[PDB]
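Mapping of the sequence shown onto the UniProt record's numbering: residues 7 to 154, 166 to 277, in sequence order.
Below: one structure, written as structure tokens.
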Amino acid sequence: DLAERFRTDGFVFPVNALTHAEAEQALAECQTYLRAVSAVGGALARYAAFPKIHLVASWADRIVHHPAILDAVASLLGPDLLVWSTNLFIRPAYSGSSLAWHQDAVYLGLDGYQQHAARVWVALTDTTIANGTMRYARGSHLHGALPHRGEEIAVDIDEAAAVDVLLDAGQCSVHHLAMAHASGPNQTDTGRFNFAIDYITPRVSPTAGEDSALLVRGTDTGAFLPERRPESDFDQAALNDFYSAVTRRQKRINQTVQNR
């Protein structure tokens with residue numbers, strides 16, 4: 007029924023992943039990682055929060071391979087899975103900014119996310135009605151990406178029917194890349210930390226340009242050049258593959274953004 011809920015609503019949550027203790031430990035490792043790349047500066051600091059954290063940081067590598075997440079995603083997308091990107095979405099204490107309703111798919115340049123992709127939104131902290139959580143628009147995914166603070170989907174969203182994504186630390190939400198969502202400001206004294214993972218099957222293909230992804234279930238990488246797991250935090254081989262993979266991805270992003 008998990009797949010049925012996902013396909014009907016365009017999302018499904020909560021699904022269990024990390025324990026509270028694993029969530030807190032992961033958050034500590036994430037914070038340690040952020041400080042470290044900030045001190046190194048350069049390209050790691052610039053791309054600290056996206057799009058390939060899992061290729062250089064052991065804590066991110068561990069989560070995207072977590073069996074509970076992979077099992078949940080497999081029940082939605084099938085047994086052949088790849089990690090296409092990772093994102094840190096952090097809303098610090100008393101951050102007054104808001105994000106308009108929008109869909110993740112707009113600038114990803116992917117073909118086949120309609121049936122063969124899902125974003126896993128892992129709560130490293132609790133998500134509450136007041137700490138800047140995401141809201142979903144149920145059923146807003148059924149026509150794929152739509153035309154678009167950030168830019169906003171050109172459609173009227175019923176705010177009263179929107180669904181606050183409320184999670185215990187360690188739980189996650191899974192939503193369609195065409196799910197319309199918005200996020201409010203964090204009104205609390207504690208930062209809100211979420212780790213987002215884009216899972217795809219080999220039936221997803223880039224609209225244009227060379228692309229890469231990390232095989233996590235199955236043996237088929239489709240059109241994607243294969244990536245590798247980091248042997249250790251900031252291992253030089255991982256850094257070199259990171260530079261290559263991020264450069265490849267940002268070329269794609271730059272290209273789709275140009276075709277607005």
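Don't be surprised by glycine CBs; every beta carbon is placed ideally from N, CA and C.
{"query": "Roughly how many angstroms separate the alpha carbons of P247 and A63, rounded to a whole number?", "result": "7 angstroms"}
{"query": "Counting pairs of beta carbons, one from the segment 234-251 and one from the segment 187-194, are three or more of them closer than 8 angstroms?", "result": "no"}
{"query": "What separation, rounded to the nearest whole angstrom, lies between the Cα atoms of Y216 and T205?", "result": "31 angstroms"}
{"query": "For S101, does the three-state DSSP call read helix, strand or coil?", "result": "strand"}
{"query": "Since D258 is in the alpha helix (DSSP H), which residue starts that stretch and which ends it?", "result": "253-275"}
{"query": "Using a Cβ cut-off of 8 angstroms (strictly closer), state whether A255 contacts chain D.", "result": "Here chain D cannot be found, since the structure has a single protein chain."}
{"query": "Excluding the 5 residues preceding and the 5 following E28 in the sequence, name in chain order all residues of the same chain whose CB lies nearer than 7 angstroms to its CB.", "result": "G187"}
{"query": "Per DSSP, which one or two residues make a beta bridge with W127?", "result": "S190, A213"}
{"query": "Do the segment 63-77 and the segment 100-107 meet, that is, are 3 or more Cβ pairs less than 8 angstroms apart?", "result": "no"}
{"query": "Are the CB atoms of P219 and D110 within a distance shorter than 8 angstroms?", "result": "no"}
{"query": "Tell me the residue span of the beta strand (DSSP E) that contains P20.", "result": "17-21"}
{"query": "May I ask whether a heavy atom of the ligand SAH can be found less than 7 angstroms away from the beta carbon of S229?", "result": "Of ligands this structure carries none, so the ligand SAH is not represented either."}
{"query": "Give a yes or no on whether the C-beta atoms belonging to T131 and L242 are separated by under 8 angstroms.", "result": "no"}
{"query": "When the Cα of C36 is compared with those of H60, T25, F17, which residue comes out closest?", "result": "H60"}
{"query": "Touch check for the segment 75-83 and the segment 118-128: three-plus C-beta pairs under 8 angstroms?", "result": "yes"}
{"query": "Give me, in chain order, the residues of the same chain whose beta-carbon lies closer than 7 angstroms to that of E169; leave out the 5 immediate sequence neighbours on both sides.", "result": "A106, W107, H108"}
{"query": "Taking the alpha helix (DSSP H) that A199 falls in, what are its first and last residues?", "result": "Segment 197-200 is the beta strand (DSSP E) holding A199; no alpha helix (DSSP H) there."}
{"query": "Between which two residues does the alpha helix (DSSP H) containing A49 stretch?", "result": "48-52"}
{"query": "Can you name the start and end residues of the beta strand (DSSP E) that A230 belongs to?", "result": "229-234"}
{"query": "Three or more C-beta pairs closer than 8 angstroms, one from the segment 221-235 and one from the segment 175-182: is that the case here?", "result": "no"}
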